[PDB]
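Okay, so here's just one chain, in structure tokens, the form deposited in one PDB entry.
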């Protein structure tokens, strides 16, 4: 329930920590939580996740810092319609993803 208020054109830059010894090479994803608590994946790493390589999907950039146990997420050139609830997960189909810890709320205004 951390909430970040940003303006159009700005960048959200966050770090999601995970247990290095368990999840460093696990595939990971950034999701928006839509109506009815229904997650939608907007960007994911490769399987296995590559250390450091920036993965850019649309305006989202993922960078997995294997040596520090965190996934960095950037949402660049923000738009009002990016506003919502987001989370990092460990992406492991065909099982349901493992939520890493928490969700955040992003609010983008003009």
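Numbering follows the first chain given and starts at 1. What we label the rigid core is the largest C-alpha set whose atoms superpose within 1.5 Å from one form to the other.
Not on display, but discussed next: the form deposited in another entry.
Chemist: Do you see a C-alpha shift of 2 Å or more at residue 96 between the shown form and the other one, with the core held fixed?
Modeler: Yes, its C-alpha moves 2 Å or more.
Chemist: Core superposed first: is there a CA shift of 2 Å or greater at residue 19 between the shown form and the other one?
Modeler: Yes, residue 19 moves 2 Å or more.
Chemist: Indicate closer or farther: the Cα atoms of residue 93 and residue 23, in the other form, relative to the displayed form, with a change of 3 Å or more.
Modeler: Note: Cα gap between residue 93 and residue 23 shrinks in the other form.
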